[PDB]
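One file, query_12.txt, is given below (compact mmCIF, C-alpha atoms and all ligand atoms).
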# COMPACT_ATOMS: atom_id res chain seq x y z
CA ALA X 3 58.24 -11.68 49.66
CA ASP X 4 54.84 -11.92 51.34
CA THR X 5 51.68 -13.01 49.53
CA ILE X 6 48.88 -10.55 50.32
CA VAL X 7 45.13 -10.44 49.73
CA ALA X 8 43.42 -7.44 51.32
CA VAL X 9 40.34 -5.22 51.61
CA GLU X 10 41.46 -1.60 52.03
CA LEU X 11 39.88 1.62 53.24
CA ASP X 12 42.20 4.24 51.72
CA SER X 13 42.08 8.06 51.82
CA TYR X 14 45.67 8.92 50.82
CA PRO X 15 46.01 10.94 47.61
CA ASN X 16 46.35 8.20 44.99
CA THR X 17 48.81 9.31 42.34
CA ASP X 18 48.96 6.72 39.58
CA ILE X 19 47.02 7.08 36.35
CA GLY X 20 43.78 5.13 36.63
CA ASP X 21 43.34 5.30 40.42
CA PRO X 22 40.21 6.71 42.08
CA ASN X 23 40.26 10.45 42.79
CA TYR X 24 38.33 10.00 46.08
CA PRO X 25 38.57 8.03 49.35
CA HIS X 26 37.69 4.45 48.44
CA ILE X 27 37.17 0.85 49.47
CA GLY X 28 39.15 -1.58 47.32
CA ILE X 29 40.13 -5.23 46.81
CA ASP X 30 43.88 -5.90 46.54
CA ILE X 31 45.37 -9.09 45.06
CA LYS X 32 49.17 -9.13 45.59
CA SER X 33 49.55 -5.43 44.77
CA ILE X 34 48.68 -1.96 46.04
CA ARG X 35 46.92 -1.23 42.71
CA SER X 36 43.39 -2.39 43.56
CA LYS X 37 41.61 -4.80 41.23
CA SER X 38 38.25 -3.20 42.09
CA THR X 39 37.22 -0.02 43.92
CA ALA X 40 34.20 2.03 45.00
CA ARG X 41 33.76 5.40 46.70
CA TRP X 42 34.14 5.47 50.52
CA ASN X 43 32.07 8.25 52.09
CA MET X 44 34.39 8.68 55.03
CA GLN X 45 33.00 9.99 58.35
CA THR X 46 35.59 10.78 61.00
CA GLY X 47 34.22 10.71 64.52
CA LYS X 48 31.62 8.01 63.70
CA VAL X 49 31.78 4.25 64.11
CA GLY X 50 31.93 2.24 60.88
CA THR X 51 31.71 -1.47 59.96
CA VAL X 52 33.27 -3.61 57.22
CA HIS X 53 31.97 -7.08 56.18
CA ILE X 54 33.96 -9.43 53.89
CA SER X 55 33.05 -12.82 52.41
CA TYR X 56 34.38 -15.41 49.96
CA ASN X 57 33.44 -18.94 48.88
CA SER X 58 35.47 -21.30 46.67
CA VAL X 59 32.52 -22.32 44.46
CA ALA X 60 31.23 -18.82 43.73
CA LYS X 61 34.84 -17.53 43.51
CA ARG X 62 33.73 -13.97 44.29
CA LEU X 63 35.37 -11.88 47.01
CA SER X 64 32.93 -9.19 48.23
CA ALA X 65 33.07 -6.39 50.81
CA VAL X 66 30.74 -3.69 52.18
CA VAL X 67 31.42 -0.61 54.36
CA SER X 68 28.68 1.30 56.19
CA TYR X 69 27.93 3.80 58.97
CA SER X 70 24.86 3.88 61.18
CA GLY X 71 21.95 5.65 59.52
CA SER X 72 23.83 6.05 56.23
CA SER X 73 23.93 4.22 52.92
CA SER X 74 26.54 1.53 52.38
CA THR X 75 29.19 1.01 49.69
CA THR X 76 29.97 -2.39 48.13
CA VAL X 77 32.77 -3.85 46.02
CA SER X 78 33.28 -7.29 44.43
CA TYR X 79 35.96 -9.08 42.40
CA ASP X 80 35.97 -12.49 40.67
CA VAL X 81 39.04 -14.56 41.59
CA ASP X 82 40.15 -18.11 42.51
CA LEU X 83 42.03 -17.60 45.77
CA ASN X 84 43.54 -21.11 45.71
CA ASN X 85 45.59 -19.88 42.75
CA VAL X 86 46.88 -16.92 44.82
CA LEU X 87 47.21 -17.96 48.47
CA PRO X 88 48.98 -20.91 50.11
CA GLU X 89 46.93 -23.55 51.92
CA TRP X 90 47.80 -22.20 55.39
CA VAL X 91 47.50 -18.46 56.06
CA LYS X 92 47.25 -15.98 58.90
CA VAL X 93 44.55 -13.26 58.99
CA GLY X 94 45.02 -9.75 60.36
CA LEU X 95 44.22 -6.03 60.47
CA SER X 96 46.56 -3.16 59.56
CA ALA X 97 46.57 0.64 59.66
CA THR X 98 48.88 3.55 58.76
CA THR X 99 48.75 7.32 59.26
CA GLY X 100 50.11 10.25 57.29
CA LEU X 101 51.14 13.69 58.46
CA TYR X 102 47.84 14.00 60.34
CA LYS X 103 46.53 13.86 63.90
CA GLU X 104 44.33 10.77 63.85
CA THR X 105 43.61 7.49 65.67
CA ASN X 106 42.73 4.07 64.21
CA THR X 107 40.65 2.35 66.90
CA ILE X 108 39.21 -1.15 66.39
CA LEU X 109 36.21 -1.83 68.65
CA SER X 110 35.46 -5.42 67.55
CA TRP X 111 36.59 -8.13 65.12
CA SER X 112 35.21 -11.59 64.30
CA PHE X 113 36.14 -14.29 61.75
CA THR X 114 34.87 -17.65 60.47
CA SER X 115 36.51 -20.16 58.11
CA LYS X 116 35.08 -23.49 56.93
CA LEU X 117 36.80 -26.29 55.03
CA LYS X 118 35.04 -29.39 53.64
CA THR X 119 37.04 -32.41 52.44
CA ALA X 123 31.98 -35.77 57.64
CA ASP X 124 30.81 -32.35 58.82
CA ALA X 125 33.17 -29.51 57.92
CA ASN X 126 36.34 -28.42 59.73
CA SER X 127 36.06 -24.89 61.10
CA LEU X 128 37.47 -22.04 63.18
CA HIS X 129 35.64 -19.00 64.58
CA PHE X 130 36.64 -16.13 66.88
CA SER X 131 35.05 -12.91 68.13
CA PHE X 132 36.63 -10.04 70.04
CA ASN X 133 34.05 -7.54 71.27
CA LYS X 134 36.54 -6.39 73.96
CA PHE X 135 40.35 -6.53 73.71
CA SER X 136 42.37 -7.38 76.81
CA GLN X 137 45.59 -5.72 77.93
CA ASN X 138 48.07 -8.58 77.25
CA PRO X 139 46.36 -10.42 74.38
CA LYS X 140 48.22 -13.73 73.99
CA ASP X 141 46.00 -14.76 71.03
CA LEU X 142 47.03 -11.69 68.96
CA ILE X 143 50.43 -11.03 67.37
CA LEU X 144 50.88 -7.26 67.55
CA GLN X 145 53.40 -5.76 65.13
CA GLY X 146 54.74 -2.23 64.83
CA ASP X 147 52.91 0.43 66.86
CA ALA X 148 49.73 -1.59 67.60
CA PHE X 149 48.53 -2.06 71.21
CA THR X 150 45.44 -2.48 73.41
CA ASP X 151 44.50 0.32 75.81
CA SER X 152 42.72 0.15 79.18
CA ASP X 153 39.24 0.84 77.70
CA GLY X 154 39.41 -2.56 75.94
CA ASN X 155 40.11 -1.12 72.45
CA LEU X 156 42.67 -2.16 69.84
CA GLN X 157 44.74 0.88 68.80
CA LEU X 158 46.48 0.06 65.51
CA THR X 159 48.61 3.25 65.27
CA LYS X 160 50.21 5.62 67.81
CA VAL X 161 48.05 7.70 70.18
CA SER X 162 49.33 11.03 71.52
CA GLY X 169 52.53 11.00 63.05
CA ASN X 170 53.61 8.48 60.38
CA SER X 171 52.62 5.34 62.25
CA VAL X 172 52.14 1.72 61.18
CA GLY X 173 50.75 -1.23 63.13
CA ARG X 174 49.18 -4.65 62.60
CA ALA X 175 47.37 -7.35 64.64
CA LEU X 176 47.34 -11.01 63.52
CA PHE X 177 45.23 -13.84 64.92
CA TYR X 178 47.67 -16.28 66.49
CA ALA X 179 46.56 -19.52 64.98
CA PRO X 180 47.07 -20.43 61.30
CA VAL X 181 43.95 -20.89 59.18
CA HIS X 182 43.46 -23.80 56.77
CA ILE X 183 41.82 -22.36 53.63
CA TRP X 184 42.36 -25.16 51.10
CA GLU X 185 43.62 -28.73 50.72
CA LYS X 186 43.93 -31.04 47.73
CA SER X 187 40.93 -33.21 48.69
CA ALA X 188 38.59 -30.26 49.28
CA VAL X 189 35.00 -29.86 48.14
CA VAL X 190 34.49 -26.23 49.20
CA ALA X 191 36.06 -23.64 51.53
CA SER X 192 34.79 -20.25 52.69
CA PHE X 193 35.45 -17.44 55.13
CA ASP X 194 33.65 -14.44 56.59
CA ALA X 195 35.06 -11.50 58.54
CA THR X 196 33.74 -8.33 60.17
CA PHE X 197 35.26 -5.50 62.18
CA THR X 198 34.13 -2.12 63.46
CA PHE X 199 36.36 0.95 63.46
CA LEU X 200 36.51 4.51 64.82
CA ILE X 201 38.73 7.12 63.12
CA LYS X 202 39.03 10.17 65.42
CA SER X 203 40.47 13.43 64.07
CA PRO X 204 40.18 17.24 64.22
CA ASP X 205 40.25 17.09 60.40
CA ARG X 206 37.28 15.98 58.31
CA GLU X 207 39.09 14.05 55.52
CA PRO X 208 42.54 13.07 56.84
CA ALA X 209 44.81 10.82 54.79
CA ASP X 210 44.52 7.42 56.50
CA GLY X 211 44.49 3.69 55.85
CA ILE X 212 42.89 0.58 57.45
CA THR X 213 42.79 -3.01 56.09
CA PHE X 214 41.75 -6.58 56.75
CA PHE X 215 44.25 -8.95 55.14
CA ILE X 216 45.25 -12.58 54.52
CA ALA X 217 48.92 -13.59 54.24
CA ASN X 218 51.48 -16.36 54.39
CA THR X 219 51.85 -17.43 58.00
CA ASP X 220 55.37 -15.89 58.38
CA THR X 221 54.24 -12.35 57.42
CA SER X 222 55.76 -9.21 58.95
CA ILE X 223 55.74 -5.45 58.25
CA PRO X 224 57.75 -4.84 55.03
CA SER X 225 60.49 -2.23 55.06
CA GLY X 226 59.25 1.09 53.69
CA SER X 227 55.56 0.09 53.74
CA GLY X 228 54.21 3.15 55.59
CA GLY X 229 51.61 5.63 54.39
CA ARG X 230 49.86 4.59 51.15
CA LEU X 231 51.36 1.08 51.15
CA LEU X 232 49.22 0.31 54.27
CA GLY X 233 51.83 -1.74 56.12
CA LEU X 234 51.30 -4.51 53.53
CA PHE X 235 53.57 -3.90 50.49
CA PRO X 236 57.22 -2.84 50.09
CA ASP X 237 56.56 -0.87 46.87
CA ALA X 238 53.81 0.31 44.52
CA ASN X 239 54.54 -2.04 41.60
MN MN W 1 43.81 2.68 47.38

Here is the file; what I need is its structure written in the form of structure tokens.
Ligand SMILES: [Mn+2]
Amino acid sequence: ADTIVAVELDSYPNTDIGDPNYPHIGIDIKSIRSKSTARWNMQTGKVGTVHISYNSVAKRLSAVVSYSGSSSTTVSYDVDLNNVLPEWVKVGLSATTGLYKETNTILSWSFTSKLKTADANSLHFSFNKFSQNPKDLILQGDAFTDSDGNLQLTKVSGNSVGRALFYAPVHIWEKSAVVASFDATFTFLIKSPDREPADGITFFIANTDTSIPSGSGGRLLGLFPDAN
């Protein structure tokens, strides 16, 4: 099975004892049951941004979500990712929709990874516009780029799932390493006639051969085959 680390924005009704009772941002380590959560004050119709960072010395994965002119929400979790992920990964974005009329539009996405064993080894990319046949993205499921230069992760006019992976593998650790780190950011627009629709969007890190697991729609965010 796939090895998943993710930052989720999640407004599906969460059913298990001990889950948040509100839309939330969370940090997921190999399971849908988040290791750490905070309230997500969701605003359909308005552009939002997520920032994510991690460093192998601090060993603290942190994320923040915010909207223009509003207060931001943060979440953090202490973890050694070398004990969880393989050395080579792929990074990506995912979204799912419930029985609602909503869009999951990504307007921009950038990423940086550094690895020190000599100046460091590194990789950086930024998409502020998405082109129509993007040969440096692996699109899975329903995901596609429209003619306005936007990345649409789920179907545009129910129950959709789609993902976009950066094409090249990322080197996040090696045995002779001093420190490694990564940063990511993306901006998103959730359009809907409803104010609080059940929806999901993630940034994630996986084994390089990852694909959409069978039965992973809705609350499993296109990342996990089951809730255990
Ligand atoms: Mn959740």

Using only C-alpha atoms, which residues sit within 7 Å of segment 86-102 of chain X once same-chain residues fewer than 5 positions away are excluded, as a ChimeraX atom specification?
/X:5,158-159,169-177,180-185,208-219,228-229,232-233

Work out how far atom CA of residue 129 of chain X is from atom CA of residue 195 of chain X, in Å to one decimal.
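Going from atom CA of residue 195 of chain X over to atom CA of residue 129 of chain X covers 9.6 Å.
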
Within 10 Å of ligand MN 1 (chain W) (only C-alpha atoms and all ligand atoms), residues as JSON, numbers by chain
{"X": [9, 10, 11, 12, 13, 14, 15, 16, 17, 21, 22, 23, 24, 25, 26, 27, 28, 29, 30, 34, 35, 36, 37, 38, 39, 40, 211, 230, 231, 232]}

Option closest in space to residue 66 of chain X, from X:139, X:149, X:131, X:194 [counting only C-alpha atoms]
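Looking only at the distances to residue 66 of chain X, the closest residue turns out to be X:194.
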
Contacts of residue 71 of chain X within 12 Å, only C-alpha atoms, excl. fewer than 6 positions in-chain, as an NGL selection string:
:X and (45 or 48-50)

Take the residues just selected and output them with C-alpha atoms as a compact mmCIF listing (two decimals), keeping the file's coordinate frame.
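Written file, out22.txt:
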# COMPACT_ATOMS: atom_id res chain seq x y z
CA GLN X 45 33.00 9.99 58.35
CA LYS X 48 31.62 8.01 63.70
CA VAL X 49 31.78 4.25 64.11
CA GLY X 50 31.93 2.24 60.88

Atoms are missing here; could segment 19-55 of chain X be completed with N, CA and C atoms and written as a short mmCIF file (atom, residue, chain, number, x, y, z; two decimals), in the coordinates of the input?
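Saved as part28.cif:
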data_model
loop_
_atom_site.label_atom_id
_atom_site.label_comp_id
_atom_site.auth_asym_id
_atom_site.auth_seq_id
_atom_site.Cartn_x
_atom_site.Cartn_y
_atom_site.Cartn_z
N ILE X 19 48.07 6.93 37.34
CA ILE X 19 47.02 7.08 36.35
C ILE X 19 46.09 5.89 36.43
N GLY X 20 44.79 6.17 36.57
CA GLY X 20 43.78 5.13 36.63
C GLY X 20 43.26 4.83 38.02
N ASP X 21 43.81 5.46 39.05
CA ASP X 21 43.34 5.30 40.42
C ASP X 21 42.07 6.12 40.65
N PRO X 22 41.31 5.81 41.70
CA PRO X 22 40.21 6.71 42.08
C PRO X 22 40.74 8.06 42.55
N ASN X 23 39.94 9.10 42.34
CA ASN X 23 40.26 10.45 42.79
C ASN X 23 39.58 10.80 44.12
N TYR X 24 39.11 9.81 44.87
CA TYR X 24 38.33 10.00 46.08
C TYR X 24 38.70 8.91 47.10
N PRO X 25 38.41 9.14 48.38
CA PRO X 25 38.57 8.03 49.35
C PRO X 25 37.73 6.84 48.90
N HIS X 26 38.28 5.63 49.07
CA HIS X 26 37.69 4.45 48.44
C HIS X 26 37.84 3.20 49.30
N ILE X 27 36.94 2.24 49.09
CA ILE X 27 37.17 0.85 49.47
C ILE X 27 37.67 0.09 48.24
N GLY X 28 38.60 -0.84 48.44
CA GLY X 28 39.15 -1.58 47.32
C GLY X 28 39.51 -3.00 47.71
N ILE X 29 39.70 -3.83 46.68
CA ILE X 29 40.13 -5.23 46.81
C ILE X 29 41.51 -5.36 46.19
N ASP X 30 42.48 -5.83 46.98
CA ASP X 30 43.88 -5.90 46.54
C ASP X 30 44.31 -7.36 46.45
N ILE X 31 44.86 -7.74 45.29
CA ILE X 31 45.37 -9.09 45.06
C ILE X 31 46.85 -8.95 44.73
N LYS X 32 47.71 -9.11 45.74
CA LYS X 32 49.17 -9.13 45.59
C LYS X 32 49.75 -7.81 45.10
N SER X 33 49.03 -6.70 45.25
CA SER X 33 49.55 -5.43 44.77
C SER X 33 48.73 -4.30 45.38
N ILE X 34 49.38 -3.14 45.54
CA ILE X 34 48.68 -1.96 46.04
C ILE X 34 47.67 -1.42 45.02
N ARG X 35 47.82 -1.75 43.74
CA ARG X 35 46.92 -1.23 42.71
C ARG X 35 45.66 -2.09 42.68
N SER X 36 44.58 -1.60 43.30
CA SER X 36 43.39 -2.39 43.56
C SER X 36 42.78 -2.96 42.29
N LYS X 37 42.31 -4.21 42.36
CA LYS X 37 41.61 -4.80 41.23
C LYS X 37 40.18 -4.28 41.09
N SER X 38 39.62 -3.70 42.15
CA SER X 38 38.25 -3.20 42.09
C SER X 38 38.05 -2.21 43.22
N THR X 39 37.38 -1.09 42.93
CA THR X 39 37.22 -0.02 43.92
C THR X 39 35.81 0.55 43.85
N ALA X 40 35.43 1.25 44.92
CA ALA X 40 34.20 2.03 45.00
C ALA X 40 34.40 3.17 46.00
N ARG X 41 33.58 4.21 45.88
CA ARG X 41 33.76 5.40 46.70
C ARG X 41 33.42 5.13 48.17
N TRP X 42 34.29 5.62 49.07
CA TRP X 42 34.14 5.47 50.52
C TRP X 42 33.76 6.83 51.10
N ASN X 43 32.52 6.96 51.57
CA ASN X 43 32.07 8.25 52.09
C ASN X 43 32.47 8.34 53.55
N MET X 44 33.72 8.75 53.75
CA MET X 44 34.39 8.68 55.03
C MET X 44 33.77 9.64 56.05
N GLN X 45 33.61 9.18 57.29
CA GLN X 45 33.00 9.99 58.35
C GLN X 45 33.83 9.88 59.63
N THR X 46 34.81 10.77 59.77
CA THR X 46 35.59 10.78 61.00
C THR X 46 34.69 11.12 62.18
N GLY X 47 35.01 10.53 63.33
CA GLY X 47 34.22 10.71 64.52
C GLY X 47 33.06 9.74 64.67
N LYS X 48 32.76 8.92 63.66
CA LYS X 48 31.62 8.01 63.70
C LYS X 48 32.08 6.58 63.49
N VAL X 49 31.41 5.66 64.18
CA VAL X 49 31.78 4.25 64.11
C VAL X 49 31.34 3.67 62.77
N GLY X 50 32.24 2.91 62.12
CA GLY X 50 31.93 2.24 60.88
C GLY X 50 32.13 0.73 61.00
N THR X 51 31.60 -0.01 60.01
CA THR X 51 31.71 -1.47 59.96
C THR X 51 32.08 -1.93 58.56
N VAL X 52 32.95 -2.94 58.48
CA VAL X 52 33.27 -3.61 57.22
C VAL X 52 32.93 -5.10 57.35
N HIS X 53 32.26 -5.65 56.32
CA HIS X 53 31.97 -7.08 56.18
C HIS X 53 32.67 -7.60 54.92
N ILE X 54 33.22 -8.81 55.00
CA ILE X 54 33.96 -9.43 53.89
C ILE X 54 33.60 -10.91 53.80
N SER X 55 33.39 -11.41 52.57
CA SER X 55 33.05 -12.82 52.41
C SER X 55 33.66 -13.37 51.12
#
